[PDB]
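Taken one at a time, structure 1 and structure 2 that follow are two forms of one protein chain, written as structure tokens.
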Structure 1
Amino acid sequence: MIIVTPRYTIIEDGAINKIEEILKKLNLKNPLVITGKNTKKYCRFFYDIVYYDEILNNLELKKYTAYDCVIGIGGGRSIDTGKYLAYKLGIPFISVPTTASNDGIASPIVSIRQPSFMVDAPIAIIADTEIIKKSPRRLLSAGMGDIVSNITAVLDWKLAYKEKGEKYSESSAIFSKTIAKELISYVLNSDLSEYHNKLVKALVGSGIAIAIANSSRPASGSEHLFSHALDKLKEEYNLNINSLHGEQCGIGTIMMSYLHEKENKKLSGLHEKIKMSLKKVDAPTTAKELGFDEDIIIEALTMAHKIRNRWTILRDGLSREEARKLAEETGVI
């Protein structure tokens, strides 16, 4: 085991004011800040600020030598780009999310050049829930899709263990699955007044599970494959759909869950529960809401397995009619 986790995690109103404090604790003196256009107001303690596009337009090294860490502030592009650059410079990364739409906040995954790959987990995570609470509702709702997908990811991971002898950690699996279960239970039973707070905790916890298992397995399975497949097709058919990753994964979760349910009667009804919790926080549950033609969903399901060399309930592949059947049995079309 060689495991990298965060050193400091903060999740509270006002958190953004503690960046200084944390840098001091970590004995970090000169951070490079990676951020975006409309987050410059949260950056007013620092001096070296770079926008993520500068980096993304040339992903290649000896002009950053003076910096001892990187601080990513803002949305997902900001955090992912900052994480990437820290990895490249071999220095620690500090995650300061202003949104909470996915688990890149705390995870050691970089999703700049899909496929994703594994780097070090951020050394600190500073999640100001006063700021995150005011992020676009749509991004918060999409966070739900990212969390519920731990369920199918864990089911796929067990399946891969059983059927293919893949490395599996029961205690990471259960942690990741339970994080999502608690979040689902909260959205189904509360007034949702603390959702943002609990979403962030879930996203973060889910990040830790990944670090702890040294794999994205506890957080990503066939539902994510389905999502990547959708993305390919948006590009390949030049669609203009503004669809978010977590929205897509949530819907992938509904469906993949149903495939598991067929094989494992003990899980029957799980997909309806996931469906419910997504509805309850305003997250899409069908292609129409998501914005797609039915044929794209079907095609995406049929080509999900090929996306990555990762065993899942999809197995050797779905047929176009198994696909349709699933999508319609499932309410997605």
Structure 2
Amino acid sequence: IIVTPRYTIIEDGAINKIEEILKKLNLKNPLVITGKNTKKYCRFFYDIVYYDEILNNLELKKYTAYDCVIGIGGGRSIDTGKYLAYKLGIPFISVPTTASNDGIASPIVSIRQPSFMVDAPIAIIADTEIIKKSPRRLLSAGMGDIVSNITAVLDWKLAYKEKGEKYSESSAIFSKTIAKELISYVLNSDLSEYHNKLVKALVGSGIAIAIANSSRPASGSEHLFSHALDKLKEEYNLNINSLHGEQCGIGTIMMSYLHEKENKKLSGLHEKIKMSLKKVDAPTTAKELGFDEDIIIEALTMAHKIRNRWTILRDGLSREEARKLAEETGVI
């Protein structure tokens, strides 16, 4: 069984179409989940809750009256609403106020690792006028999440070839081509439609996940690396507000380089990815990202263990190989 969105809207002023969509879906009493910084975009009568409240106290019969959940804001607002909808057995509507990650339209819940699959949101309502004005850092981070499809798909193919893992060529090429087109737009344009093209790309990626019934087309080694970084932040109680997308971008730079070494046909791939990220002002080094080199290296060595998913990392990098990789790609 494949669950996809029913409705997808990407346009200026889309936020005003919430009610139209609810009506189309025969829904009447949403619970809105949002953030403190995004509450200003919530202009309607519906009940509103902040994702903090929910998160501190998951478990509930408190939510009995709602026939759906609307997640408005950033990745965490969305992710939290998605999870909540799942727990309540009701549809989820995704209303991103930025373009920072591919959770927007994905069936993936990433509240706490390990992440799991639920239903894709029933609707995606992406107001590009709001998104255009979101903090630049979040838009830049979104690029990180998109370029990662490239290594995710490379890693998927690899897992197919070397471990006979189940693979779909048509899903993979869809996911990959989304990334390719955005890279090529970023490298050849004035960027005046970047926010638009980025949100379309992120939504496309979520659909790819749904259709493949797997995060494989959107998540591979580069994501393992990012999760490792997250683990280490928590562990060492580091105070670094690096974004998910940013970490994935840097991850992709390095993992694309590993794939390049083994396959001369991909010559210049890692450079092109790095360039695309620089062009939109996403970080490409550990220093810009806020991390000491030892954390990057530790994250690399542990990345293959984060999940049971074969990638170009294979059975793992040594500290020495990790250091080399990170040096050669300019991450440190």
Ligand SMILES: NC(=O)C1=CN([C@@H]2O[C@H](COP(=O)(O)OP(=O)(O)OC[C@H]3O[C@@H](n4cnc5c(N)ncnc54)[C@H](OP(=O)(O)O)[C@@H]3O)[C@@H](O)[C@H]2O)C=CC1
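Note that the rigid core is defined as the largest set of C-alphas that superpose within 1.5 Å between two forms. Every residue number counts along structure 1's sequence, beginning with 1. Only residues modelled in both forms are compared.
Looking at the condition given, the form solved without the named molecule, one finds it describes the source of structure 1 alone. No residue in 279, 40, 266, 306 other than 40 shows a CA shift of 2 angstroms or more between structure 1 and structure 2 after fitting the rigid core. Note on residue 66: its Cα is shifted 1.8 Å between structure 1 and structure 2, core used for superposition.
Aligning the rigid core between structure 1 and structure 2 leaves the CA of residue 11 offset by 0.3 Å. Core-superposed comparison between structure 1 and structure 2: runs of at least three consecutive shared residues with Cα shifts of 2 Å or more are located at 38-44, 61-63.
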